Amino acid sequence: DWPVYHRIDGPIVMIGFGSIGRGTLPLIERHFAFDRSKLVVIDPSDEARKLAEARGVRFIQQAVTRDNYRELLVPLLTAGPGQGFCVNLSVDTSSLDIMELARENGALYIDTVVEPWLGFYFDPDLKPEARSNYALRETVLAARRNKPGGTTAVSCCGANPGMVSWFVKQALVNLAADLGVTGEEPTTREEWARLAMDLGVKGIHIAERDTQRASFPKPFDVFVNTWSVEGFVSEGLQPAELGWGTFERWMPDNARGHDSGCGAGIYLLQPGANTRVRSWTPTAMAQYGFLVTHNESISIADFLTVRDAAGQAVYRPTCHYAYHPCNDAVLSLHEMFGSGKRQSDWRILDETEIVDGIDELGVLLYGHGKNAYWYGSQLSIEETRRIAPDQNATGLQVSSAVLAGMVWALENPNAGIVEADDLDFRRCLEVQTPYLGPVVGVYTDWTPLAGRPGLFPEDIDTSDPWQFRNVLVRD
């Protein structure tokens, strides 16, 4: 039967019971020992309340806000007898503030995004840089510098960000092995960064193709997705953003850097969900992805940075999302951007509504001697239904990653604020893999210059096919 990894000796407070909370709850119940009355879900939605009631779990129907979060969460997380676990799977709440509160009170913490308090993403007085995931991530890095060590809090540990950081490490090990390079696997950040440098990894796409399809066609004026519509649209309207590689020799006129922080990022002055990049996955082959900002675009590039003695970056990979969401989401973006406003309504596809498909999610490492290598999960909806309830394939990759991070945090409970890049990738993948379906590594000879130039002039760099100049879709 299913492994029970650890006892949780305190309250389990799940903030948010949307598509990810609904998929994560059964995994927590399955894989951890605790008295049932220890678990409580907090979500303002009536829909969520009804589902929670049907699942027999405690539910508090309340929005967590800047004004109530201390009064609500401190008693809940400290109810005892020992250390609780805040499992934050919400929108509209501050990851930073909730994380800090959990830490101050000795509770473990995990989330899947650096979310801000409601109001931030559309605040007209914020400059684009301030709305970037680079800037949100810097608040977490600052919190870590301010209070090193202490109770473990895991930032951005879903499928992506999250699992994909573990895939990058496995992909690097595999690339080395496939070249006949043997020996000790890297242990330290610096060693991982040098492995990427030494292997000639110029950049990495988080290369995803969701092929899940519903039993009904996309309704007019309804945004359809396989996970948070609100969350997808919010990140989609943030600036396009990427970890920026040392090999790059061109950026768009509307690209901008940052004065401060880890140094690994640029952003573009346009919304990422209306920015296209040329990319590739094994099932899609060549496809457009949307250049939607993601925490790991920065965190992976930062993690794999090699600096010289003076502290100057001398190697860093480009890293960004290249997302092809489900067909109905593609249509939803075309509708939304074409209308200039959010649809009147939205819906998230339930497993009962999905007729077939997979969430093909992996990392595409390029520029090395074998050109490009994609490593990741090809989890299908049919396998999903066999192995975990109340979610689709998109959901299960995320919920199983939260499970893995929770196991890691319980096993390493004094590690301080950590990113997915800081965790033991082998342990995390050991926990997660039973929920990932086929996990495969595939080489390809495809590059962004395949078939180009066509019959129109274009600005391309034929000396270096994977340059962002060639990847970015431009007029």
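In case it trips you up, residue 1 is the first one in the sequence shown, and so on.
For the pair 64-72 and 25-33, the record assigns the higher mean C-alpha temperature factor to 64-72. Relative to one another, 339-347 and 180-188 have unequal mean CA B-factors, and 180-188 is the one with the higher figure.
The PDB entry assigns its highest CA temperature factor, among 357, 282, 405, 149, to 149. Of the residues listed, 40, 431, 417, 54, the entry assigns the biggest Cα temperature factor to 54. Residue-level temperature factors show residue 305 in the middle third of its chain, judged at the C-alpha atom. Split the chain's modelled residues into thirds by C-alpha temperature factor. Residue 127 is in the highest one. In the PDB entry, a CA B factor belonging to the lowest third of its chain's modelled residues is recorded for residue 89. Ranked within its chain, residue 17 lands in the lowest third, by CA B factor from the PDB record.
Among the modelled residues of its chain, residue 299 has a C-alpha B-factor that falls in the lowest third according to the deposited record.
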